[PDB]
Amino acid sequence: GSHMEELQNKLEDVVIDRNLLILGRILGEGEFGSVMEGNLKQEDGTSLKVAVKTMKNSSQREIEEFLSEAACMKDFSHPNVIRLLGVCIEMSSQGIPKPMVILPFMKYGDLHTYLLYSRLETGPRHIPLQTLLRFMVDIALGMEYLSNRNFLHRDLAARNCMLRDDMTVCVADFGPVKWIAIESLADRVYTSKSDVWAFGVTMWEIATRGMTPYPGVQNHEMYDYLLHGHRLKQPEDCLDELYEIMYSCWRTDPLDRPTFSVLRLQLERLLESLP
Ligand SMILES: Cc1cc(-c2c(C)nn(C)c2C)cnc1-c1nnc(N(C)Cc2ccc3ncc(-c4ccc(CN(C)C)cc4)n3c2)o1
Ligand SMILES: [Cl-]
Ligand SMILES: [Cl-]
Ligand SMILES: [Cl-]
Ligand SMILES: [Cl-]
């Protein structure tokens with residue numbers, strides 16, 4: 001049918017031949033896998049600098065799920081959503097297949113680190129309120145796009161937002177207890193309104209210039225803390241208007257939280273009103 005037709009079309013475009021790809025040095029590495037710099041030889045002859053993420057259920061079933069999921073993500077097209085360039089599956093000597101995700105290289109890195117570096121002399125300069133709000137608008141735009149097409153991010157945070165060369169923010173690294181909505185801690189349930197909660201936390205990260213959420217509260221304490229109605233406190237010199245917007249993202253009833261489209265309008269309006 002059309003459902004299967006649309007799936008098979010998407011699966012065609014997603015794979016990249018390993019020979020079109022040169023790996024470079026390791027940028028990050030941990031339990032989940034590794035991120036490396038690389039070069040992707042394109043159809044026009046020239047090479048493109050890329051980031052290559054290698055990821056660790058070793059079975060063929062898991063690989064098929066990965067390729068299908070990758071096909072969907074490859075289909076995203078919005079300037080505030082990271083564009084997946086393709087995937088390569090390299091193989092190991094023990095027979096274990098190793099999936100690799102190819103992404104545009106973002107020399108300015110993730111937004112969280114950038115906010116922290118901005119408080120250091122040698123890093124980027126002090127970030128004014130207008131720019132912080134612009135980061136939030138950009139993220140709201142990307143999430144608005146994603147929720148329109150019923151894609152749940154599942155791990156929205158400043159560390160998973162990337163800065164492009166023009167300082168546009170894009171959402172990335174699609175799925176951290178302190179970013180998880182109260183209902184999702186409770187019932188293991190997750191909607192676009194759970195993403196909205198995470199977005200509020202991300203707004204708070206940006207306005208505090210990279211503070212960890214809920215200082216003095218342990219991860220194991222988080223459910224009971226939220227259960228009694230406590231929320232992230234207003235940062236110092238944060239506009240009450242801006243605080244109201246982030247606060248609305250953590251209303252207890254998920255149906256009372258605004259949509260991303262609503263939040264995005266609110267943020268643009270506030271940004272407009274600044275001198
Ligand atoms: C979009 C996406 C999808 C999937 C995925 C999943 C899950 N399932 N399936 C089926 C797929 C296809 C997995 N990951 C992503 C993803 N999106 N963004 C990222 N990355 C890795 C972040 C990123 C992106 C570009 C980029 N340029 C440079 C870096 C960089 C900068 C600094 C460092 C060093 N630090 C601080 C240690 C490291 C790297 N950099 C860092 O990954
Ligand atoms: Cl991109
Ligand atoms: Cl870029
Ligand atoms: Cl801090
Ligand atoms: Cl707090």
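Read the numbers this way: they start at 1 and go in the same order the structure lists the ligands and their atoms. All residue numbers in this chain count up from 1 along the given sequence. All values below were derived from every heavy atom in this structure, side-chain atoms included, with hydrogens, water molecules and symmetry-related copies excluded.
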Exercise. Got a sec, which residues hit side chain to side chain donor-acceptor pair (under 3.5 Å) with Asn80, two or more places apart in sequence or on another chain?
Worked result: none
Problem set entry | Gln234 side-chain N/O to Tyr243 backbone N/O, donor-acceptor pair under 3.5 Å | no
For this session: List for me each residue that meets side chain to side chain contact (heavy atoms under 4.5 Å, CB included) alongside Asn219, sequence neighbours excluded, and say none if there are none.
Result: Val177, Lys178
Problem set entry | Under the side chain to side chain contact (heavy atoms under 4.5 Å, CB included) test, residues paired with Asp110 that sit two or more places apart | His112, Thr113, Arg159, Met162
Exercise. Any salt bridge between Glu272 and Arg269, counting N to O under 4.0 Å?
Worked result: no
Exercise. Should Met55 and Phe66 be marked as a side chain to side chain contact (heavy atoms under 4.5 Å, CB included) after you check the CA-CA gap, both sets of side-chain angles, and the distance that decides it?
Worked result: CA-CA 10 Å; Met55 293 162 66; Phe66 178 84; 3.9 Å; yes
Problem set entry | Set of residues that line ligand 1, where lining means a heavy atom lies under 4.0 Å from it | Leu27, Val35, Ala51, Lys53, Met55, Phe66, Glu69, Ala70, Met73, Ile82, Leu84, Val101, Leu103, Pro104, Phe105, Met106, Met162, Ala172, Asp173, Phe174
